[PDB]
>>> print(open('entry-v3.cif').read())   # mmCIF, C-alpha atoms; chains and numbers go by the auth columns
data_data
#
loop_
_atom_site.group_PDB
_atom_site.id
_atom_site.type_symbol
_atom_site.label_atom_id
_atom_site.label_comp_id
_atom_site.label_asym_id
_atom_site.label_seq_id
_atom_site.Cartn_x
_atom_site.Cartn_y
_atom_site.Cartn_z
_atom_site.B_iso_or_equiv
_atom_site.auth_seq_id
_atom_site.auth_asym_id
ATOM 1 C CA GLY A 1 -182.831 -6.367 -77.487 0.00 739 A
ATOM 2 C CA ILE A 2 -179.746 -8.503 -76.995 0.00 740 A
ATOM 3 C CA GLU A 3 -180.071 -12.053 -78.200 0.00 741 A
ATOM 4 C CA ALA A 4 -179.986 -13.248 -74.589 0.00 742 A
ATOM 5 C CA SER A 5 -182.964 -10.985 -73.959 0.00 743 A
ATOM 6 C CA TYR A 6 -185.043 -13.113 -76.332 0.00 744 A
ATOM 7 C CA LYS A 7 -184.112 -16.469 -74.842 0.00 745 A
ATOM 8 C CA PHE A 8 -184.337 -15.226 -71.268 0.00 746 A
ATOM 9 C CA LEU A 9 -187.563 -13.449 -72.074 0.00 747 A
ATOM 10 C CA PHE A 10 -189.739 -16.548 -71.996 0.00 748 A
ATOM 11 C CA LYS A 11 -187.696 -18.121 -69.194 0.00 749 A
ATOM 12 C CA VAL A 12 -189.191 -15.511 -66.938 0.00 750 A
ATOM 13 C CA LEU A 13 -192.234 -15.141 -69.181 0.00 751 A
ATOM 14 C CA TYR A 14 -193.079 -18.567 -70.541 0.00 752 A
ATOM 15 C CA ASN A 15 -190.459 -20.576 -68.541 0.00 753 A
ATOM 16 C CA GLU A 16 -190.105 -22.595 -71.728 0.00 754 A
ATOM 17 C CA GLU A 17 -187.340 -22.944 -74.282 0.00 755 A
ATOM 18 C CA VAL A 18 -187.194 -20.649 -77.303 0.00 756 A
ATOM 19 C CA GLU A 19 -184.608 -20.139 -79.985 0.00 757 A
ATOM 20 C CA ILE A 20 -184.431 -17.293 -82.483 0.00 758 A
ATOM 21 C CA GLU A 21 -182.405 -17.504 -85.690 0.00 759 A
ATOM 22 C CA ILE A 22 -179.925 -14.942 -86.894 0.00 760 A
ATOM 23 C CA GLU A 23 -177.607 -16.093 -89.647 0.00 761 A
ATOM 24 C CA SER A 24 -174.399 -14.949 -87.973 0.00 762 A
ATOM 25 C CA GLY A 25 -175.362 -16.699 -84.753 0.00 763 A
ATOM 26 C CA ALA A 26 -172.798 -18.248 -82.480 0.00 764 A
ATOM 27 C CA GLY A 27 -171.315 -20.549 -85.090 0.00 765 A
ATOM 28 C CA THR A 28 -168.422 -18.891 -86.878 0.00 766 A
ATOM 29 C CA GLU A 29 -165.784 -20.460 -89.160 0.00 767 A
ATOM 30 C CA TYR A 30 -165.284 -21.168 -92.863 0.00 768 A
ATOM 31 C CA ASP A 31 -163.755 -23.727 -95.256 0.00 769 A
ATOM 32 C CA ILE A 32 -163.943 -23.368 -98.996 0.00 770 A
ATOM 33 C CA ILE A 33 -161.865 -21.467 -101.527 0.00 771 A
ATOM 34 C CA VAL A 34 -163.493 -18.899 -103.790 0.00 772 A
ATOM 35 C CA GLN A 35 -162.441 -17.878 -107.256 0.00 773 A
ATOM 36 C CA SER A 36 -164.075 -14.634 -108.217 0.00 774 A
ATOM 37 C CA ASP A 37 -162.813 -11.392 -109.640 0.00 775 A
ATOM 38 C CA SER A 38 -162.846 -8.030 -107.825 0.00 776 A
ATOM 39 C CA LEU A 39 -166.204 -8.419 -106.062 0.00 777 A
ATOM 40 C CA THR A 40 -167.314 -5.261 -104.261 0.00 778 A
ATOM 41 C CA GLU A 41 -166.795 -6.883 -100.805 0.00 779 A
ATOM 42 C CA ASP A 42 -169.948 -5.021 -99.760 0.00 780 A
ATOM 43 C CA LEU A 43 -171.343 -8.545 -99.688 0.00 781 A
ATOM 44 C CA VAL A 44 -169.225 -9.187 -96.586 0.00 782 A
ATOM 45 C CA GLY A 45 -171.920 -10.008 -94.086 0.00 783 A
ATOM 46 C CA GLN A 46 -174.340 -10.699 -96.925 0.00 784 A
ATOM 47 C CA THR A 47 -175.099 -14.321 -97.559 0.00 785 A
ATOM 48 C CA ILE A 48 -174.814 -16.237 -100.827 0.00 786 A
ATOM 49 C CA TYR A 49 -176.298 -19.606 -101.663 0.00 787 A
ATOM 50 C CA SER B 1 -161.097 17.628 -93.447 0.00 458 B
ATOM 51 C CA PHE B 2 -157.381 17.697 -94.105 0.00 459 B
ATOM 52 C CA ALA B 3 -155.497 20.969 -94.553 0.00 460 B
ATOM 53 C CA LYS B 4 -152.091 21.138 -96.197 0.00 461 B
ATOM 54 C CA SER B 5 -151.697 24.489 -94.486 0.00 462 B
ATOM 55 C CA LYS B 6 -152.544 23.367 -90.968 0.00 463 B
ATOM 56 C CA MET B 7 -150.226 20.412 -91.274 0.00 464 B
ATOM 57 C CA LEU B 8 -147.646 22.892 -92.523 0.00 465 B
ATOM 58 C CA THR B 9 -147.893 24.656 -89.178 0.00 466 B
ATOM 59 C CA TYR B 10 -146.143 21.935 -87.242 0.00 467 B
ATOM 60 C CA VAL B 11 -143.555 21.145 -89.885 0.00 468 B
ATOM 61 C CA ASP B 12 -142.748 24.798 -89.536 0.00 469 B
ATOM 62 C CA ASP B 13 -142.594 24.273 -85.772 0.00 470 B
ATOM 63 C CA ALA B 14 -140.117 21.421 -85.708 0.00 471 B
ATOM 64 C CA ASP B 15 -136.771 23.207 -85.722 0.00 472 B
ATOM 65 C CA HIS B 16 -137.002 27.007 -85.732 0.00 473 B
ATOM 66 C CA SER B 17 -134.186 26.908 -88.276 0.00 474 B
ATOM 67 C CA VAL B 18 -136.479 26.012 -91.150 0.00 475 B
ATOM 68 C CA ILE B 19 -136.717 29.120 -93.272 0.00 476 B
ATOM 69 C CA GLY B 20 -139.444 27.717 -95.469 0.00 477 B
ATOM 70 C CA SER B 21 -141.186 24.600 -96.642 0.00 478 B
ATOM 71 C CA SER B 22 -143.751 23.429 -99.156 0.00 479 B
ATOM 72 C CA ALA B 23 -145.146 20.313 -100.738 0.00 480 B
ATOM 73 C CA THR B 24 -147.279 18.852 -103.492 0.00 481 B
ATOM 74 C CA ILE B 25 -149.892 16.439 -102.170 0.00 482 B
ATOM 75 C CA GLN B 26 -151.633 13.594 -103.920 0.00 483 B
ATOM 76 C CA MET B 27 -154.454 11.853 -102.212 0.00 484 B
ATOM 77 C CA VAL B 28 -154.025 8.119 -102.334 0.00 485 B
ATOM 78 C CA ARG B 29 -156.952 5.750 -102.289 0.00 486 B
ATOM 79 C CA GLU B 30 -155.554 2.255 -102.652 0.00 487 B
ATOM 80 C CA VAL B 31 -158.130 -0.118 -104.090 0.00 488 B
ATOM 81 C CA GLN B 32 -158.614 -3.717 -103.070 0.00 489 B
ATOM 82 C CA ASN B 33 -160.387 -4.698 -106.295 0.00 490 B
ATOM 83 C CA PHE B 34 -159.120 -4.072 -109.796 0.00 491 B
ATOM 84 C CA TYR B 35 -161.122 -6.079 -112.310 0.00 492 B
ATOM 85 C CA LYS B 36 -164.417 -4.619 -111.128 0.00 493 B
ATOM 86 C CA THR B 37 -164.787 -1.221 -109.628 0.00 494 B
ATOM 87 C CA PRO B 38 -166.958 -1.546 -106.546 0.00 495 B
ATOM 88 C CA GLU B 39 -170.213 -1.416 -108.430 0.00 496 B
ATOM 89 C CA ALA B 40 -171.028 1.726 -106.475 0.00 497 B
ATOM 90 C CA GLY B 41 -167.585 3.068 -107.239 0.00 498 B
ATOM 91 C CA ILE B 42 -165.056 5.017 -105.260 0.00 499 B
ATOM 92 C CA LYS B 43 -165.262 8.733 -104.674 0.00 500 B
ATOM 93 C CA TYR B 44 -162.810 11.086 -103.061 0.00 501 B
ATOM 94 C CA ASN B 45 -165.518 13.516 -101.928 0.00 502 B
ATOM 95 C CA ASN B 46 -163.054 15.976 -103.472 0.00 503 B
ATOM 96 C CA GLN B 47 -162.943 16.805 -107.164 0.00 504 B
ATOM 97 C CA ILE B 48 -159.719 16.264 -109.052 0.00 505 B
ATOM 98 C CA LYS B 49 -158.033 17.661 -112.089 0.00 506 B
ATOM 99 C CA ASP B 50 -158.560 16.121 -115.483 0.00 507 B
ATOM 100 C CA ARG B 51 -156.372 13.110 -116.270 0.00 508 B
#
>>> encode(input="entry-v3.cif", output="structure tokens")
Amino acid sequence: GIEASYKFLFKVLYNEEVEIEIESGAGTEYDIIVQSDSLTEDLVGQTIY
Amino acid sequence: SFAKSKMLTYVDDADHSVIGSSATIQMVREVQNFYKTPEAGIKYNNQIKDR
């Protein structure tokens, strides 16, 4: 169930490249500046668009 | 759960010269957000007096 499970899974299984998308993913860092007012912060982890 | 009595045990314990002690507690929940309550809202799980 780890990510690496997925990718490895076909390596043994299908010996062919797969990729599976989670939003968090490996890439992490952020540049903009937000002006809002007292948002619940529950949205931390929850995407916007 | 927190107990003002069970805490009071050890504050009793500290010296042995303390003849008595007592206190008036206020829970404090500090809030990140003013303008909007968290839409869900905070709760103390513990009812409070009016005002």
>>> atom_distance(input="entry-v3.cif", atom1="atom CA of residue 759 of chain A", atom2="atom CA of residue 778 of chain A")
26.9 Å
>>> residues_around(input="entry-v3.cif", residues="residue 461 of chain B", least_positions_apart="4", cutoff="12 Å", atoms="only C-alpha atoms", output="list in words")
residues 465, 466, 467, 468, 478, 479, 480, 481, 482, 483 and 484 of chain B
>>> resolve_selection(input="entry-v3.cif", expression="the PyMOL selection byres ((chain A) within 8 of (chain B))", output="number ranges by chain")
A: 775-779
>>> residues_near_point(input="entry-v3.cif", point="(-174.2, -11.7, -85.5)", cutoff="12 Å", atoms="all atoms listed in the file", output="mmCIF file with C-alpha atoms, keeping the file's coordinate frame")
data_model
loop_
_atom_site.group_PDB
_atom_site.id
_atom_site.type_symbol
_atom_site.label_atom_id
_atom_site.label_comp_id
_atom_site.auth_asym_id
_atom_site.auth_seq_id
_atom_site.Cartn_x
_atom_site.Cartn_y
_atom_site.Cartn_z
ATOM 1 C CA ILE A 740 -179.746 -8.503 -76.995
ATOM 2 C CA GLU A 741 -180.071 -12.053 -78.200
ATOM 3 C CA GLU A 759 -182.405 -17.504 -85.690
ATOM 4 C CA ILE A 760 -179.925 -14.942 -86.894
ATOM 5 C CA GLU A 761 -177.607 -16.093 -89.647
ATOM 6 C CA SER A 762 -174.399 -14.949 -87.973
ATOM 7 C CA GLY A 763 -175.362 -16.699 -84.753
ATOM 8 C CA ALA A 764 -172.798 -18.248 -82.480
ATOM 9 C CA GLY A 765 -171.315 -20.549 -85.090
ATOM 10 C CA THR A 766 -168.422 -18.891 -86.878
ATOM 11 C CA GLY A 783 -171.920 -10.008 -94.086
ATOM 12 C CA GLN A 784 -174.340 -10.699 -96.925
#
>>> resolve_selection(input="entry-v3.cif", expression="the PyMOL selection byres ((chain B and resi 501) around 10)", output="list in words")
residues 484, 485, 486, 499, 500, 502, 503, 504 and 505 of chain B
>>> atom_distance(input="entry-v3.cif", atom1="atom CA of residue 781 of chain A", atom2="atom CA of residue 743 of chain A")
28.3 Å
>>> decode(input="entry-v3.cif", residues="chain A", atoms="C-alpha atoms", output="mmCIF file, in the first residue's frame")
data_model
loop_
_atom_site.group_PDB
_atom_site.id
_atom_site.type_symbol
_atom_site.label_atom_id
_atom_site.label_comp_id
_atom_site.auth_asym_id
_atom_site.auth_seq_id
_atom_site.Cartn_x
_atom_site.Cartn_y
_atom_site.Cartn_z
ATOM 1 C CA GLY A 739 0.000 0.000 0.000
ATOM 2 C CA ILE A 740 2.972 2.341 0.073
ATOM 3 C CA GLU A 741 3.450 4.389 -3.048
ATOM 4 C CA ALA A 742 6.589 2.390 -3.835
ATOM 5 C CA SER A 743 4.424 -0.722 -3.700
ATOM 6 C CA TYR A 744 2.489 0.532 -6.727
ATOM 7 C CA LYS A 745 5.504 1.372 -8.860
ATOM 8 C CA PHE A 746 7.403 -1.748 -7.846
ATOM 9 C CA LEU A 747 4.282 -3.814 -8.305
ATOM 10 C CA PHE A 748 4.461 -3.946 -12.085
ATOM 11 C CA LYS A 749 8.267 -4.062 -12.073
ATOM 12 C CA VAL A 750 7.936 -7.560 -10.734
ATOM 13 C CA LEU A 751 4.491 -7.957 -12.284
ATOM 14 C CA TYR A 752 4.517 -6.161 -15.612
ATOM 15 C CA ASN A 753 8.255 -5.200 -15.650
ATOM 16 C CA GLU A 754 7.037 -1.967 -17.205
ATOM 17 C CA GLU A 755 6.889 1.605 -15.980
ATOM 18 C CA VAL A 756 3.829 2.897 -14.141
ATOM 19 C CA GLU A 757 3.124 6.114 -12.326
ATOM 20 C CA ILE A 758 0.218 6.841 -10.002
ATOM 21 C CA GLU A 759 -0.864 10.374 -9.117
ATOM 22 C CA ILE A 760 -1.449 11.686 -5.639
ATOM 23 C CA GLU A 761 -1.643 15.448 -5.332
ATOM 24 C CA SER A 762 0.839 15.744 -2.477
ATOM 25 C CA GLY A 763 3.357 13.610 -4.338
ATOM 26 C CA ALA A 764 7.063 14.166 -4.024
ATOM 27 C CA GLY A 765 7.002 17.781 -5.132
ATOM 28 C CA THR A 766 6.614 20.104 -2.171
ATOM 29 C CA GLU A 767 7.113 23.893 -2.000
ATOM 30 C CA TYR A 768 5.046 27.057 -2.424
ATOM 31 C CA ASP A 769 5.275 30.650 -3.708
ATOM 32 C CA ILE A 770 2.343 33.007 -3.665
ATOM 33 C CA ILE A 771 0.870 35.266 -1.007
ATOM 34 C CA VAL A 772 -2.747 34.861 0.051
ATOM 35 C CA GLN A 773 -5.079 37.508 1.363
ATOM 36 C CA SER A 774 -8.058 35.923 3.017
ATOM 37 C CA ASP A 775 -9.764 36.392 6.332
ATOM 38 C CA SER A 776 -9.923 33.778 9.115
ATOM 39 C CA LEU A 777 -10.354 30.695 6.915
ATOM 40 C CA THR A 778 -11.032 27.529 8.906
ATOM 41 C CA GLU A 779 -7.580 26.065 8.018
ATOM 42 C CA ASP A 780 -9.373 22.718 7.741
ATOM 43 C CA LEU A 781 -8.586 23.224 4.068
ATOM 44 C CA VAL A 782 -4.921 22.576 4.891
ATOM 45 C CA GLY A 783 -4.273 19.545 2.752
ATOM 46 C CA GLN A 784 -7.346 20.353 0.679
ATOM 47 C CA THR A 785 -6.669 21.771 -2.731
ATOM 48 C CA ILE A 786 -8.028 24.979 -4.247
ATOM 49 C CA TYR A 787 -8.005 26.005 -7.880
#
